[PDB]
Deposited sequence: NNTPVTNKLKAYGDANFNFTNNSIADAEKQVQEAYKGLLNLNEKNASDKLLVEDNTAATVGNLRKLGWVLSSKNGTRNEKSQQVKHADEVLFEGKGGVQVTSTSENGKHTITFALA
């Protein structure tokens, strides 16, 4: 049948400040985190560990990729499941990569 849980995404209404950490409070109000799952929330942990995850939950997993160039402020984007990050080396930066048993190395050199 249907399986559901009460996990919210950052950016959703009814976020409870006293129920979360300051880190999550900061994510709640940032655009870059909007729509990523809020996995933490604490009455002491609201959605218990032993709660079924849903496929909709998986669609909301990710991390935030940012780039800074000098003083210029950070630009941020979400890396969700099956998104791609390309590291591209132009002149005169050489970017090479190896991959052994789940360990991926991106090398940078002149």
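In sequence order, the gaps in C-alpha coverage of the deposited chain fall at 1 to 2, 47 to 49, 116.
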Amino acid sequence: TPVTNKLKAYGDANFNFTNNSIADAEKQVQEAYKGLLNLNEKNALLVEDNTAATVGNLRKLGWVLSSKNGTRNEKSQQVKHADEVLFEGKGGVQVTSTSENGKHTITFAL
From here on, numbers count along this sequence of modelled residues.
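Per the PDB record, of the two stretches 4 to 12 and 100 to 108, 100 to 108 carries the greater mean B-factor over its C-alpha atoms. As listed in the deposited structure, the average C-alpha B-factor of 66 to 74 and of 32 to 40 is greater for 66 to 74. Compared with the other modelled residues of the chain, the Cα B-factor recorded for residue 47 ranks in the middle third. Among all modelled residues in its chain, residue 25 ranks in the lowest third by Cα B-factor.
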